[PDB]
Amino acid sequence: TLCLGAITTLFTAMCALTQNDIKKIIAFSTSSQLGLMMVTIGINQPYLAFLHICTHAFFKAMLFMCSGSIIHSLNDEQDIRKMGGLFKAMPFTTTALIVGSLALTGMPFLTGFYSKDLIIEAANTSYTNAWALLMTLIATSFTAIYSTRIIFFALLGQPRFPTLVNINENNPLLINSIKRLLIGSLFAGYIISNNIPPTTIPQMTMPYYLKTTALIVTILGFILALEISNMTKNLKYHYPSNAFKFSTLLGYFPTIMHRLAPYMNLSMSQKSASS
Amino acid sequence: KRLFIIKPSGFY
Amino acid sequence: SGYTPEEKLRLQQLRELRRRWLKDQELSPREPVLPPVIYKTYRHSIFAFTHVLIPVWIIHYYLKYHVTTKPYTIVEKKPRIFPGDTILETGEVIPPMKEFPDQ
Amino acid sequence: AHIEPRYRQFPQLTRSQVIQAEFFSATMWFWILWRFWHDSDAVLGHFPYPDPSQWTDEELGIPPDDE
Amino acid sequence: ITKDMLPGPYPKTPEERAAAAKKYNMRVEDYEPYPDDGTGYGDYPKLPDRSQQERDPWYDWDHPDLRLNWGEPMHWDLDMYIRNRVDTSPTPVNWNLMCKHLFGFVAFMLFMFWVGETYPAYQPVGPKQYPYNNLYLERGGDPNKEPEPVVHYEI
Amino acid sequence: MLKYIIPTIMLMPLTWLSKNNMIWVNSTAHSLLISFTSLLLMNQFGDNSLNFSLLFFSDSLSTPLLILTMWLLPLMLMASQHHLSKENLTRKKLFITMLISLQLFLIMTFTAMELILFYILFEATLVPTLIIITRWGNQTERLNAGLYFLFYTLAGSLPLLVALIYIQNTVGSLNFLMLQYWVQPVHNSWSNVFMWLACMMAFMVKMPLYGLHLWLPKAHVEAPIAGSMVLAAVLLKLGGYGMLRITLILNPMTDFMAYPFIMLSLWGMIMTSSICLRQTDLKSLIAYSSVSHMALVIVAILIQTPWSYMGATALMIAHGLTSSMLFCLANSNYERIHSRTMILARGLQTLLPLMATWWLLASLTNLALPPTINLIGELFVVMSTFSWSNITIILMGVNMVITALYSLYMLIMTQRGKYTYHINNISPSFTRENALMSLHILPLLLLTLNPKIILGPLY
Amino acid sequence: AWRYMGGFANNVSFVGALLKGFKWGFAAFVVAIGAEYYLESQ
Amino acid sequence: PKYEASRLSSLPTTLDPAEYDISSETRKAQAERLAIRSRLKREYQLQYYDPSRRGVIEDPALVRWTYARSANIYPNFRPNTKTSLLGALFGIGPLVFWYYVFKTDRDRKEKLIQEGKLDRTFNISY
Amino acid sequence: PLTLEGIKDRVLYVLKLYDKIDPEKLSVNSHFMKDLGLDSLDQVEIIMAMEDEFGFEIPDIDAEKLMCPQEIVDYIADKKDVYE
Amino acid sequence: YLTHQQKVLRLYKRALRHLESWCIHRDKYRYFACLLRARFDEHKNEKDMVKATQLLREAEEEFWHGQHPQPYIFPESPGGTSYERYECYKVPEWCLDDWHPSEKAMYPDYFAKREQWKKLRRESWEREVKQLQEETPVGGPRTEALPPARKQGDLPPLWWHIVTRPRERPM
Amino acid sequence: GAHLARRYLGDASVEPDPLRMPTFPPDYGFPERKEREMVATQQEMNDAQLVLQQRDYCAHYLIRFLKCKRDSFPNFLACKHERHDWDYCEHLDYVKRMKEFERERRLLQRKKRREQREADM
Amino acid sequence: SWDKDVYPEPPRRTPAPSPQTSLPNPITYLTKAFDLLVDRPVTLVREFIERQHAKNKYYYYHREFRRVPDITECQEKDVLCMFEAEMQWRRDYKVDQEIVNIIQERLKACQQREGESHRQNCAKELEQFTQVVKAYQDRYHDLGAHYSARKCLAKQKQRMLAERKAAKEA
Ligand SMILES: CCCCCCCCCCCCO[C@@H]1O[C@H](CO)[C@@H](O[C@H]2O[C@H](CO)[C@@H](O)[C@H](O)[C@H]2O)[C@H](O)[C@H]1O
Ligand SMILES: CCCCCCCCCCCCO[C@@H]1O[C@H](CO)[C@@H](O[C@H]2O[C@H](CO)[C@@H](O)[C@H](O)[C@H]2O)[C@H](O)[C@H]1O
Ligand SMILES: CCCCCCCCCCCCO[C@@H]1O[C@H](CO)[C@@H](O[C@H]2O[C@H](CO)[C@@H](O)[C@H](O)[C@H]2O)[C@H](O)[C@H]1O
Ligand SMILES: CCCCCCCCCCCCO[C@@H]1O[C@H](CO)[C@@H](O[C@H]2O[C@H](CO)[C@@H](O)[C@H](O)[C@H]2O)[C@H](O)[C@H]1O
Ligand SMILES: *C(=O)CCCCCCCCCCCCC
C-alpha cells in the first residue's frame, strides 16, 4: 500500500500540471490526495489517514463548488485558458478559491495542515521505503504547482472570456453554501484535532530538516510555479517536449489501455466465442 | 416569454 | 465560395418557416389552462415534529422494548476507568497512581 | 435581475459580495497569525533535537579501548 | 427484404462481385469481400477498420449518434466501433512511442521501489521499549507459562 | 397436491366455457387465485419434508419452484393477450390450453415422489412447449428451433430412461424418500461412468451446459413471449431440479466425473458473458445471459456443499424472475418496432420514462446488485467454489465484471443516447405493460426481506 | 483592447492575491494580542 | 519524425500522401460515391418526410448486417487447416488448461488435508 | 437572450473594430470580397472573430459560405433559435 | 471533395486555433497570429501548382508536429464539454400526438395552432414530391442539395423536419 | 539521513542494524545499570483501555491526560499542561532510544578498532 | 428477558461524574430533555399496551422431542427405524449450529465490550469458541450437501479407527 499510494500521488499530480479543464485539474488533485491517504495507510498511521479524509472533505468540496461558480458565470466554459481576470469580478469565489488552495497546499493552521503535515512528519521519520518517501515529497511540491496554475490562469491577468459579460455570484444559495465550507476550511481541522482522543504516540522529536520538509517543498513549489506561469507571457514560441506530452495525455494510459483492452476483449467475443 | 415544452405523454 | 442563388432562396424560405414555428411555441396568457419569522419557526416546527420527534419516538420504543430485550443486540464498549474514579454501581474507589518521579 | 450584463466592461458588483469576501479573507489571515503566535512550535519544532556526537563516552557506557 | 437482398456466399466470378456490390450499395471498385477461408463472412463487404468517432461530426447523418446514413453498408464490427467503445482516431503521439514511454515509466518505478525496500530510510534510534516483559500478557500471552524475562535499563 | 392439480385442470373448462370476450379476464383472475393458494406449501419443517401421499411430496426445494411456476401463468396470459388479439377465438383458447397444460405438468414434475413419474412429466412438458414455439412463433426458423429443442432433449433423456429403469431393477425402488435411505456408493467402473452420464446429461442439456446450449438461443429468438417466459423462468430449472435430486445416488463418483463439466461451466460462463457484449439481437443477448447464469448453478450443484446448494436454489428463483422480466421488456419494444435488433431503437428513456425505470431495475438485478436475491445466490456460489479451489475466484470475478458490462451495455444502447429519428410510433406504455413489469420486480425485491424461503432444503 | 481597459486594467499579482485581507487581519490580530497582554498583565 | 499508423491509431487524413495526388479518375470515383449516397438519401427522405407514415423505415443495410452476423455464417463455413486449428486452439485448449490448474490445486490441497498440514482450525462453513 | 437586432449590432460591432474594413462603407449587405475587397484568408479571420464573439464554432463547410454581415446574422439566429 | 483552396483555408483556421491554445494570452496570440499570417502570405501568389501542393503537404507535416495535444474546444463543439448535453431534453414533435385529451386541454391555443401546421404540411406534401420528381435527372439525384419552392404558395421540398426540429435549449 | 549515507555508502560494519540492535550486553561498560521504572500498573492501563502501543513507560502521563480531557468536557482547550507532560515524557523516551543507537554505534567502532589492533601484529 | 447464564455479562462499572470545569455539560441537559421528551411519552404508550396484554394472558410452549434410537441401532435398510433416527440426527444438527452461534455471539460481544483490552480479557471466550468449533467440525464438516446420519457415523468410525491405530503404536 505504501508503494501503491506513492506512485499514485506522484503520477496524478504530474498529470494535473498540464491539464486545462478546471474540473480535471481538481479531479487529478483528488487522485493525488487519495494516494497520500494510501501512503498514510502504508506507514501504519490509520488514524492520520482518517483525519485527512475528514479535513480533505471540506476544502476539496469547496474547490469544486468554486469552480462550478466560475463555470456557471462563463456559460459552461471549463477551460482555464478562457478564464482570467476574475479576481475582482468574482470577489467571493476568489476568496473561497484562495482559501481552498491554501488549505490543500498545507498552509499552516488551515484545515489541511492538521492532517497533511502530521502525515509528512510521520512518513519522514518512519522505517519506510526510501523511494516511496521521495515520490511523496515531490508530489507535495507538485500540489503547490497545480494549485498555483488554477489561481494564476483563472483569477489573475486579463479576461480571456467572451465579450458579453454575464458574471454574477450574488445568489444567497451560492454564497451561503460556499461560506459554510469556507468556515470549515479554516477551523474544522483545528476543532477536530483538539477533540479526538489520542490512539497513537505521535512522533514529535526529529531534526529541523525533517520537521519543516513539507513547508519548504511546498514553498519551493509555489516559487517554481510562478516562474513557469510568468514565462507564458513572454513573446517566445516553444515546441513541446516528451515530458509535456506525457503529462498532458496522462501517461498515455487511457489512450493505450482504453483502446487495446476493449479491442482485444470485444474481438474475442465475436470472432472466436460467438462465431 | 414562456415557451411550450415538448414532452412525451405523462398521463399513462 | 458563397451561397448559390438557389441555396440562398431555399435558406430564406426555411428561415421564414422556422421563425414562424418558433413563435408558435410561445404560450398564450391563459395557458396552462389548469384544472381546479413566525411562519419560519412554524415551518421548522412542523418539520422537527414529524421528521425528528416522531421517528425518535418510534426508534426509542423499538430499541427499548424489542431490541434491548434480546441478548447482545446493543453492546457498549465498557466505560474507561481512571485512577481516582468512583464507581456508581458499587461505590468502589479506584486508588491513585504512584507518585511520579519528578520530570 | 438586479445585475444587468455589460458588454466588454467590468461587471456590476454589489456591496454585500465585496464586504463578505474581504471579511472572510481577513478572517483567514487573523487566524493564521493568531495560531502562529501561540502555536509556532507546531510549525518549527516542539522539542530540541540533540547532537549525538556531544554525548560523552562515560554516559553511554563506552569502555576505554584497553578494557 | 427478398432473398436476393440478403447476404450470400463468397463471390467467385466477376459477375457475382458486381451483383454483390450492387446489393450492398457500393461501387464495384470499392466492394471487397473478406478472404474466402472457413470463417463464414460470405460476400459481406470488408470495410475500413475505423471507429465511428473518426467520421465527420458536422455532416448531417441520418443517425447522428452512430454517424451512419440510412442504407449505407455497416462495418461487420460496427457494434465494436460505436463511439462508446473502440476508438481508432489518430493520436498526436505515435502509438509505438506511447507504449515505449508508458512501459518505460512503469518499469523504472517498479525498479526503484524494489531498490527503496533494499535500502530503507529510518531514524537513528533503538527499538521501542515496553514494560512487563514486552507486554506479554496484554498481547494475549498464555498466563500459565512464565515468559522469558525482557529487562530494560536506563541510559 | 390435488388441491393444486384439480383447480389447474379446471382452468381449461373455464377458458372454453367463458364468454368470447372474457377469456383473458377469467383465465387471468383464477390463475392468480391458484397462485395465492400455492403459498400454503410453505408449511416446511426443519427435519422432514412435506410428504402428501404416495405420489407427491414437497420440500424446501420444490416449494419455491412451485410458487414461481404458478405465479408465471397469469403473467404469461398478460404478456400474450396483445399479440394474439387478431387470432380467432378457438385458436386463442387452444393457446391458453397449452399454457395451462404446461403448468399442470410442471407442478406434478416438481412434486413427483418417484423418479420415473418425474421423468414422464419432465418429458411431457416438451409437447406443449414445442407446440407453442412452432405454432405461434412468428418467423420461418421456428420450425428448425422446434426440432433442435425436441431432439437435443430426447438425445439425452432417452439414456436417462434406461438408467432410471436400471436403478429400479438394482435398488428395487425409485421413490426419492426410499433412495435417501437405500442409497449405496457408486464404485469406479466403466459401467458406472456411463450410468453417471446417463443420469446427468439430460439435465445438462436442459440447463443448458456450455457446449449443449446452442438450442436455447434458437428457441428464444423464435418463441412467442409466453414461450420465452416459461422457457427461461421454469423449463431451464427442470435440469437444475433434476440434478439436485439425482446427485444423491451418484456419490462418490461425482468427485471426479464432475471435473469436465465444471471446466465447461467455469470457462463457459466467461465465454457466454463475453458473447453477450457482441450480440445484435436483444432476445439472443438475454438468452446467452441465461447460459452464463445457469453455468453457475451447474458448478454449484456439482461441488455439492450446503452453501453451494443454497446458492443454487436462490439463483434459480432469482434468475427465473429476472430473465422473464428482461424478455417481457424486450417484447414490449418489439410490439412497437417489430424488430429484435438492439441498435434499431435507441434513446427510449426520452420517450418512455417509466419503462426505462423497469429497464434499470431489471438490469441491476441481472448484474446482481446487493442485497437482491440475485446477488445472494451468486455470492453463496462464489463462497463455496472458493473453498473448492481458491483459483476459481479469478474466473468468478472476471464474469462479474463482464456481466456488469453487458447488462449496462444493453441498458445504455436501448434507453440512452439519441432517439432514432424515423421511429415515430413509440406510443406510451400501456397499463398492462407496466403492471406486467411490476409483477416481476416487486416479488423479486420483496424476497430480499425474507430470503430463507428461497434457499432450499440445506437452509 | 477592452480586455486591457477600465475595470480590467489593473489586476493584482500572485503575491497580491494571497495577501487579500492581510491588512485587516493584521489590524485585528494586533488588537487581539494587545488585549491579551493586558488581561494577563492584570 | 514520420507518423506511424497502428490498428488503433489511424493515419491522419492530412498526412495521407494519396489525399493530395488526386487524378481525374479519382475525382470520377468520388463523384460516383456521392451519387450512391445522394440516391439513398433521397429514398430515405421521401419516407422520412411523408406526413402519412407512422412506424419504422426498414433499412435493408441494417437487416443485412444482423443477418450476416448470425444466420449467414455456417453456410459459408469450410472446415480447413485454419478454422480447425483455431477451433481446437480456443475450443478444447482452455478446458484442458483449466482442468490441470484446478486438478493440480485440488490434489495438493487434498494431500495436505489427509496429512493434517492444512490449517482448517475454524473452517466449518462450506 | 439574443435578439435579431442584438445579433446584428454585435456582428457589425466586431467588423467596425477590424482595421481592414472602412467603417463608413460597411452595411449589413456588404459583400466581403465584391464590395469591401477582402480575400479568403481575411474571411476566415472574420469567421473566427464571430466564433469568439458568440462563443461557438462555425464549421468550415458552413463558414466558407458566409460572405456578408447579414448572412452571418442569419446563420447565428438559426443556430440559436432566435426569431425576434 | 475538397479543393486546394479549401484545404489551405482549413489549415489556416486550424493552425491559428492551435496557436491560440499555445499562446493563451491575447497580446501574445496577436503577435504570433500575425507572424503566421505572413507565412501564408509569402506563398499566396504561387502559380506552379505542384509547388503549391508541396507547400501544403509540408505545412500539414509542420502542423502535426506542432499541434497542441489538448487544444481548446468550444463547449458545444464535437468533443467539447457541453456537446450533446441537451439531447436528452430534445423530444420530437410527433410525441404530442399521443398526449391524453386532458393533457392537450391544458394548452388549447398551442394545439389549435399545431393543427394549422399539420394542415399546412398535409396540403403541401404532394406538390413537394412532384417538384422533386420533375427536377431530378433520370438516374436519381447526384448531390444532396435540395431546391427552393418555385411558385408562390409552395413550400421548399422536404421542409418539415428542418422547420419543426427541437430547440437547442428545449427546457 | 546522515547515518544512512554512512551505512549504505560507507562501512556498514560500524553502523547499527536497526532490526537487530542491541548486539552488546546491556551492562557491558555500565557498572550498576538501573532498571527502567514503571509507574502505571498493568491493571490501571487495562482499565484505562489504552491502545497497546500506548502502554509504554510514559503511560502514567497519558492516563492523567485522558482523565483531564473527560473531566474538562466541553472545554476542549484545557489539559494543555497534562498533554505537554505526556508529550515531554515521550520526547525523553525517544532521546533514550537515540542514546541506545549512539551507544551501539560507538561500541561497534570500538570492536572494529580493537580488531585492527589485534590483527596488526 | 433472557437467561444471563447462557448470555453472560460482567457486572458493569460506571465512573461517577467528576467535572473539572465551570462550563455546563451539554450532554447532561440533552439527556434530561431526551428523558422528558422521548422516554416518558414512549413509556406511557408501552404501559397502556402492557395493560391490554395483561387482560388476555395466554401461553405457548417449547416443543419437547423424546429421544429415539439413533442410526447405530438401526438394521441395514430398515427405513422405519432409519427415518426416525435420521430425523433426530437432523434436529440435533440444527441445534448444534445454534450452539456454535451462541458461542460466536459471546465472543463477538466480549470483543466489543472489552475495547482495546480485548486481546487479553476475552481469552476464556476465545478458548470456548475454539473447542466448540473443533467439536462441530469433527461431527459435521465434509459430509456434503447430501449429508445424513449414515455419513456422519461413517466419518466418526473413520476417525475412531485412526485414533485407535495411533494409540496402538505408542
Ligand atoms: C476574530 C477576528 C477575525 C478577523 C476579523 C477582521 C474583520 C475585518 C473587516 C474589514 C472589512 C473591510 O471591508 C472591505 O475592505 C476593503 C479594503 O481593501 C475595501 O476595499 C477598498 O479598496 C479597494 C481597492 O483596493 C476599493 O474597492 C476601495 O478603495 C475600497 O472598497 C472594501 O470596500 C471593504 O468592503
Ligand atoms: C520522478 C520521475 C520518475 C519517473 C521518470 C521515468 C522516466 C523514464 C523514461 C523511460 C522511457 C524512455 O524511452 C525511450 O524514449 C526515447 C525518446 O523518445 C526513445 O527514443 C526514440 O524515440 C525518439 C522519438 O521518436 C526518436 O529520437 C528516436 O526514434 C529514438 O531516439 C526510445 O525509443 C525509448 O526507449
Ligand atoms: C350423459 C353424457 C353427456 C353429458 C353432457 C353434460 C353437459 C351437456 C351440456 C349441454 C349444453 C351445452 O351448451 C351448448 O354449448 C355451449 C356452451 O353452453 C353454447 O355456446 C357457447 O358459445 C361460446 C363459447 O363457444 C360462449 O358464448 C358460451 O360458452 C356459449 O354461448 C351453446 O350455445 C350451447 O348450446
Ligand atoms: C448431443 C446431444 C444432442 C444432439 C442433438 C442432435 C440431433 C439433431 C438436431 C437437429 C435436427 C434438425 O434436423 C435437420 O437438421 C438440419 C441442420 O442440422 C436442418 O437444416 C438446416 O441446416 C442445414 C445445414 O446447414 C441447411 O442445409 C439447411 O438449409 C437448414 O435448414 C434441417 O432443416 C433439419 O430438418
Ligand atoms: C534521515 O533521518 C532520513 C531522511 C530520509 C531521506 C530519504 C532519501 C530519498 C532519496 C531517493 C530514494 C532511492 C531509493 C534507495
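- If you check the PDB entry, chain J appears there as NADH dehydrogenase [ubiquinone] 1 beta subcomplex subunit 9 from Bos taurus.

- With the PDB entry as reference, chain I is termed Acyl carrier protein, mitochondrial, source organism Bos taurus.
- Check the Sequence similarities section of the UniProt entry for chain I; it says "Belongs to the acyl carrier protein (ACP) family."

So, the overall build of chain J
Here's step 1: Across its full length, chain J holds 6 helices and 0 strands.
Here's step 2: Beginning at the N terminus, the succession of helices and strands in chain J can be written as α-α-α-α-α-α.
Here's step 3: In terms of overall size, chain J is more extended than a compact globule, its C-alpha atoms giving a radius of gyration of 25 Å where 171 residues would be expected to give roughly 16 Å.
Here's step 4: Dimensions along the principal axes, computed over C-alpha positions, put chain J at roughly 65 × 45 × 25 Å.
Here's step 5: Within chain J, the fraction of its 171 residues that count as buried is 48%.
Here's step 6: Residue pairs at least 24 apart in sequence account for 53% of intrachain contacts in chain J once pairs closer than 6 positions are excluded.
Here's step 7: Carbon and sulfur atoms make up 56% of the accessible area of chain J, which amounts to about 8700 Å² in all.

Examining the nonpolar core
Here's step 1: Membership of the largest hydrophobic core comes to 340 residues, with the highest contact counts inside it found for A:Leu86, A:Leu110, B:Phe4, F:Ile246 and F:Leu302.
Here's step 2: Discounting chain neighbours no more than four positions away, the residues touching A:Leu110 are A:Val99, A:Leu102, A:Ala103, A:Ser185, A:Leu186, D:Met28, D:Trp31 and D:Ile32.
Here's step 3: I:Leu12, I:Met50, I:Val73 and I:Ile76 belong to the second-largest nonpolar core, a separate cluster that totals 26 residues.

Observations regarding the interface of chain J and chain F
Here's step 1: Each side of the interface is counted separately: chain J has 10 residues, and chain F has 10 residues.
Here's step 2: In this assembly, chain J packs against chain F so that about 750 Å² is buried in total across both faces, 65% of it on carbon and sulfur atoms.
Here's step 3: Contact with chain F buries surface across chain J, with J:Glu87, J:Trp94 and J:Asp98 losing the most and accounting together for 60% of the total.
Here's step 4: At the junction of chain J and chain F, the tally comes to 1 salt bridge.
Here's step 5: The partner of F:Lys418 in a salt bridge is J:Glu87, and the shortest N-O contact between them spans 3.3 Å.

Some thoughts on the packing of helix α4 (residues 91–104) of chain A against helix α1 (residues 15–38) of chain D
Here's step 1: As a packed pair, α4(A) and α1(D) sit with axes 8 Å apart at the nearest point and diverge in direction by 20°. As summarised for this structure, α4(A) and α1(D) are arranged roughly parallel, according to the angle between their axes. The handedness of the crossing between α4(A) and α1(D) is left-handed. Between α4(A) and α1(D), the contacting residues are A:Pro91, A:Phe92, A:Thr95, A:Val99 and A:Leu102 on the first element and D:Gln17, D:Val18, D:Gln20, D:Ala21, D:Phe24, D:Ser25 and D:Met28 on the second.
Here's step 2: Taken together, the residues of the contact of α4(A) with α1(D) break down into 8 nonpolar, 4 polar and no charged.

A word on the packing of aromatic side chains
Here's step 1: Counted under the stated rule, the structure contains 95 aromatic pairs over all chains.
Here's step 2: Summarising the aromatic geometry, the rings of F:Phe149 and F:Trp215 are spaced 5.7 Å apart at their centres and angled 50° between planes, so their arrangement reads as tilted. Residue F:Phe149 is found in helix α7 (residues 142–171), and its partner F:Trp215 is found in helix α10 (residues 215–222); the two are separated by 66 residues along the sequence. Like F:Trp215, F:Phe149 is buried.
Here's step 3: Centre to centre, the rings of F:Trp267 and H:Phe90 are 6.4 Å apart; their planes meet at 55°, and the pair counts as tilted. On the criterion of chain membership, the pair formed by F:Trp267 in helix α14 (residues 259–276) and H:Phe90 in the loop between α3 (81–89) and α4 (93–115) is interchain, its members lying in two chains.
Here's step 4: Residue F:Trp267 is classed as buried on the basis of its relative accessible area of 13%.
Here's step 5: Owing to a relative accessible area of 32%, H:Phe90 belongs among the partly exposed residues under this scheme.
Here's step 6: The side chain of J:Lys7 reaches across the aromatic face of H:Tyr20, ending 4.8 Å from its centre.

Concerning the state of the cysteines
Two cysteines whose sulfur atoms are joined by a covalent bond form what is called a disulfide.
Here's step 1: Taken as a whole and judged by the stated rule, the model has 2 disulfides over all chains.
Here's step 2: Residue J:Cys34 stays outside any disulfide, its sulfur separated by 11 Å from that of J:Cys23, the closest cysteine.
Here's step 3: Of the residues examined, J:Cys34 reaches a relative accessible area of 46% and is grouped as partly exposed.
Here's step 4: Unpaired in terms of disulfides, L:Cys152 finds its nearest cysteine sulfur in L:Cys74, a separation of 14 Å.
Here's step 5: On the basis of relative accessible area, L:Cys152 is assigned to the buried category, the value being 12%.

Describing the site of ligand 3
Residue and element names in this part refer to chain F.
Here's step 1: What surrounds ligand 3 is the set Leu17, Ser18, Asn20 and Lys93.
Here's step 2: Relative to its unbound accessible area of 780 Å², ligand 3 is 16% covered by the protein chains.
Here's step 3: In terms of residue class, the shell around ligand 3 is built from 1 nonpolar, 2 polar and 1 charged.

Considerations on the interface of chain E and chain H
Here's step 1: With 43 residues of chain E in contact, the opposing surface of chain H contributes 40 residues.
Here's step 2: For the pair chain E and chain H, the summed buried area comes to about 3800 Å², and 55% of that belongs to carbon and sulfur atoms.
Here's step 3: Counting the surface chain E buries against chain H, the share from its top three residues, E:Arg27, E:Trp70 and E:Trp95, is 21%.
Here's step 4: Its salt-bridge partner being E:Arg27, residue H:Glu32 comes within 2.9 Å of it at the nearest N-O pair.
Here's step 5: Run the count over chain E and chain H and you get 22 residue pairs in polar contact.
Here's step 6: Of the residues contributing to the side of chain E that touches chain H, the split by class is 17 nonpolar, 14 polar and 12 charged.

Brief notes about the environment of I:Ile76
Here's step 1: Among the structural elements, I:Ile76 can be located in helix α4 (residues 69–79).
Here's step 2: Ignoring sequence-local partners within four residues, the contact set of I:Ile76 consists of I:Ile7, I:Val11, I:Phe54 and I:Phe56.

Looking at helix α2 (residues 22–41) of chain G
Here's step 1: With 20 residues, α2(G) should reach 28 Å at 1.5 Å per residue; the first-to-last C-alpha distance of 28 Å fits that figure.
Here's step 2: Listed in full, the buried residues belonging to α2(G) are G:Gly25, G:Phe29 and G:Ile33. An end-on view of α2(G) places all buried positions within 60° of arc, on one side of the element. Of the residues in α2(G), the exposed ones pointing more than 90 degrees away from the buried face are G:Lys23, G:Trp24, G:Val31, G:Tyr38, G:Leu39 and G:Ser41.
Here's step 3: If you follow the buried residues of α2(G), they end up packed against α1 of chain D.

Quick look at the arrangement of the chains
Here's step 1: With 34 pairs of chains in contact overall, the contact-richest pair is chains E and H.
Here's step 2: Between chain G and chain H there is no contact; the minimum C-alpha to C-alpha separation amounts to 36 Å.

Some details on the side chain of A:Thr255
Here's step 1: Looking at where A:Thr255 falls in the secondary structure, it is placed in helix α11 (residues 253–274).
Here's step 2: Given the relative accessible area of 18%, A:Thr255 is considered buried.
Here's step 3: If we ignore the near neighbours within four places in the chain, the residues touching A:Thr255 are A:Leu249, E:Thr91, E:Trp95 and E:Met98.

Quick look at the site of ligand 5
Here's step 1: Inspection of the region around ligand 5 gives A:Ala130, A:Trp131, A:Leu134, A:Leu210, E:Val115, E:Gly116, E:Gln123, K:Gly1, K:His3 and K:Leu4 as its neighbouring residues.
Here's step 2: The environment of ligand 5 is shared, with nearby residues belonging to chains A, E and K.
Here's step 3: Side-chain polar atom of E:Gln123 to an oxygen atom of ligand 5: 2.7 Å apart, as the coordinates give it.
Here's step 4: Here K:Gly1 contributes a backbone N or O atom positioned 2.3 Å from an oxygen atom of ligand 5.

What counts and what doesn't
Residues numbered from 1 in each chain as written, not as in the entry; some residues may be left out. Chains lettered and ligands numbered in written order. Part of a larger assembly, values for the part shown. Heavy atoms only, no water. UniProt positions renumbered as here; feature names shortened; annotations may be inferred. Helix = DSSP H or I, 4+ residues; strand = E, 2+ residues; numbered from the N terminus. Rg over C-alpha atoms; globule rule 2.2 N^0.38 Å. Buried < 20%, exposed > 50% of the residue type's maximum accessible area, 1.4 Å probe, protein only. Contact = heavy atoms within 4.5 Å. Areas by Shrake-Rupley, 256 points an atom, 1.4 Å probe, with all protein chains shown as cover. Core = buried A, V, L, I, M, F, W, Y, C linked by side-chain atoms within 4.5 Å. Buried area = accessible area lost by both parts, 1.4 Å probe. Salt bridge = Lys/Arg side-chain N within 4 Å of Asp/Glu carboxyl O. Axes fitted to C-alpha atoms, helices over the stretch in contact; angles between N-to-C directions. Parallel < 35°, antiparallel > 145°, perpendicular 65-115°, else oblique. Left-handed = near helix turned anticlockwise from the far one by under 90°. Nonpolar A, V, L, I, M, F, W, Y, C, P; charged D, E, K, R; others polar. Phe/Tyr/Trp six-rings, centres within 6.5 Å; stacked < 30°, edge-to-face > 60°. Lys NZ or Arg CZ within 6 Å of the ring centre and 35° of its normal. Disulfide = S-S within 2.5 Å. Near = heavy atom within 4 Å. Polar contact = N/O pair within 3.5 Å; in protein donor to acceptor, adjacent residues only side chain to side chain. Expected span 1.5 Å × (residues − 1). Arc of directions from axis to C-beta.

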